[PDB]
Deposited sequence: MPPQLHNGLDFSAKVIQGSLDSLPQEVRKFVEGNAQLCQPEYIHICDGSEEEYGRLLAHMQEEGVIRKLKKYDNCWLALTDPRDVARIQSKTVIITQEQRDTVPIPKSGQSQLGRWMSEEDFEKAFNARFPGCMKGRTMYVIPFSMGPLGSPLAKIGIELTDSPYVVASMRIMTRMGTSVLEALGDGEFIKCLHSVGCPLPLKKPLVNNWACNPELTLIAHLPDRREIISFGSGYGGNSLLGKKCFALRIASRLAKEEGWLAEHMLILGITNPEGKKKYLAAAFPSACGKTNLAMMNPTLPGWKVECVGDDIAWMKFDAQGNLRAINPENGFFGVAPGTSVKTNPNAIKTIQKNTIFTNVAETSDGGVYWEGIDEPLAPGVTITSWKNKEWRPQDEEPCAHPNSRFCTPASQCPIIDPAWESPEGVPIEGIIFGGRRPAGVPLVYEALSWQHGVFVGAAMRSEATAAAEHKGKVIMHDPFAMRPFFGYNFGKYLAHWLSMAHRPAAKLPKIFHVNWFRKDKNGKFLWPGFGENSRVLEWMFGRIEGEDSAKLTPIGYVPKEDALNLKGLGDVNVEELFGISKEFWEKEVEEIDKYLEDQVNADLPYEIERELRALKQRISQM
């Protein structure tokens, strides 16, 4: 067992028992306790008592504040250094770089960031030894997906952050039921530290532990490990959220024949009581959570939310593409959320919700840019930097990507099948981003192969810059993007597969004065209606060089007589000639030797159709 007394950590367990853990879970826990040297080990049970007590503890320490206007809601303000851009510090380790990213023809890859095993071991050894001294190591057993779903996967996160424990309780299914379900099965090992052992070597800013200089978020898919150091925030610390959900899961999906994607899942029911599930991939700032929670303007239509951010999808034996939301909550952007843009989110977030980096009103409510509602005379605002703040100051009151973290079970339009273990059958997949010019409101891909190309060719506005963001997965590919494209294409050769219809949307086209041509939000229900009929086989499309678009009079524009359908659906030869050239250069450089034949063929075909305009 040991010749001395430093290997068995049983004496330091303050909740639970090392003896009751599955064998490999114990090894993971105790091995990392030996390395990181926590004071205590707390095996989380996921109970309400655990949660409430931990929140009250963070409140007493000043790590969070209670938002007294609402029911059991809380506010955390971070060190502003811990929400800087850290993609340069997000890496995947594999034996061969080409398995992680394609080797580009001319430039640096924008499709991921590889780190060698050797460089990672050095980075690891310079960070983790002793990193939890004086702190509790929490052990978070969690399921990504409904417990017992054939599509669910289990993780164990070790963390020294109570904020992570509380947020993981919301965003995943956490606690004793998961350990019991796991037994001696496989799981993803998730190791997290804020990187600030006690006694603190550097000043603590805003009661928010982090280590920006050593921040590193690493994924080791061939070891089934996620190892994250130095950040307490978001996808860097809630290791289910992106690390597991997309980066590790996309690699597992490649190995196992399924898909892990940055997609909402919604259910839409028409006035004839027919319901279809749709998935949609848009980048950050492009409105997945607005769509997923849409309040439709068209009478007799209903939208319900399965998930707002991650989809895990697998063709079943019957050929249906079955999707689950592997999350348990919504980790939504707060700024821009209003009664106009997302009324269902406004309803959801007034109880049991943790907010990070938003402003606080003097009566204990929340505030942010784009909230689009006034404060009673008297009510004052504290910014996310803990300073008094007034409407006409230059600095925003909330961080621009500040977040709410809310239980999915509270959404008033949560779908009745949102945690069905079998998943929901996807009939359409939608791509899109911000395109101020050139790209119509909606078009439909001509085939599966064309649809994969449409995903691959996605671009979005960041002077303005238009960047590529294929499949809305640019930050998140777990492996070589060319091999991901081949994996998508391979779905067409699968037995019985019912390949969903693929569409591309653009909510963001602008006129010459910079005004949005389309009102969007709940009005996007009109576009969903057209997609719905297309899936049913309706003769509602006209062929163009980029795909099918709605026929004249096919789109329901009742209540929107002022919309300029001609500018909104216009397709210019000049624009599209440039577009195809841009996509060609991008795919050649960035995908290079790993570009599938079928994607190059779709590029050639689009070029040719544009040439005949």
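Trainee: List the gaps, meaning deposited-sequence segments with no CA coordinates, ordered along the sequence.
Mentor: Gaps vs deposited seq, in order: 1-2, 465-471.
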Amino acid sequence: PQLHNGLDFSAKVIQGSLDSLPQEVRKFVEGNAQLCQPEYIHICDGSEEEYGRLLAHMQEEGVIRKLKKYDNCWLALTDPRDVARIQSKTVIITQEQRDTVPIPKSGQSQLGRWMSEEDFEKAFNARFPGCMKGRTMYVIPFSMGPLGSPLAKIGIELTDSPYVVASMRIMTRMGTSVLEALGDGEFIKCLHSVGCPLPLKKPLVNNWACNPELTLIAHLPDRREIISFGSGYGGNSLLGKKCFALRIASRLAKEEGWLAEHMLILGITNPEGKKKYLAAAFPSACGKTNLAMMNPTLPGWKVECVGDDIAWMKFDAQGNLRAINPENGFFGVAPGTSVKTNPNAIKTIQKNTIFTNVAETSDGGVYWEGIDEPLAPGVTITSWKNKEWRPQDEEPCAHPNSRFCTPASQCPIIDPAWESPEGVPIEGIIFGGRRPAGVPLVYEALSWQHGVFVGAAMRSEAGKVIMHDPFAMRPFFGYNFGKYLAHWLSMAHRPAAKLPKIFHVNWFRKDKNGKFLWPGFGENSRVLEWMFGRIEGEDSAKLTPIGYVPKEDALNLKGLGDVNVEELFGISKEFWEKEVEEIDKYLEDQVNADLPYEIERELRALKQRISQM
From here on, numbers count along this sequence of modelled residues.
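Trainee: Higher average CA B factor in the deposited record is what I'm after, so tell me if that's 326-334 or 409-417.
Mentor: Stretch with the greater average CA B-factor: 409-417.
Trainee: Averaged over C-alpha atoms, is the B-factor higher for 253-261 or for 178-186 in this PDB entry?
Mentor: Averaging CA B-factors over each stretch, the winner is 178-186.
Trainee: So among 396, 230, 240, 451, who wins on Cα B-factor in the entry?
Mentor: The record points to 396.
Trainee: Highest Cα temperature factor in the entry, among the options 497, 132, 528, 313: which one is it?
Mentor: Going by the entry's C-alpha B-factors, 497 comes out highest.
Trainee: Just say lowest, middle or highest third for the CA B-factor of residue 21 relative to the other modelled residues in its chain.
Mentor: Its C-alpha B-factor, which the entry lists for residue 21, ranks in the highest third among residues of this chain.
Trainee: Report the third (lowest, middle or highest) to which the CA temperature factor of residue 304 belongs, ranking only the modelled residues of the same chain.
Mentor: Within its chain, residue 304 is a lowest-third residue by C-alpha B-factor, going by the deposited values.
Trainee: Using the B-factors in the PDB entry, rank residue 540's C-alpha atom against the chain and give the third, lowest, middle or highest.
Mentor: Top third by C-alpha B-factor.
Trainee: Looking at the entry's B-factor column for C-alpha atoms only, identify whether residue 43 ranks in the lowest, middle or highest third of its chain.
Mentor: As the PDB entry reports it, the C-alpha B-factor of residue 43 lands in the lowest third of its chain.
Trainee: Divide the modelled residues of the chain into thirds by Cα B-factor and specify which third, lowest, middle or highest, holds residue 104.
Mentor: CA B-factor rank for residue 104: middle third.
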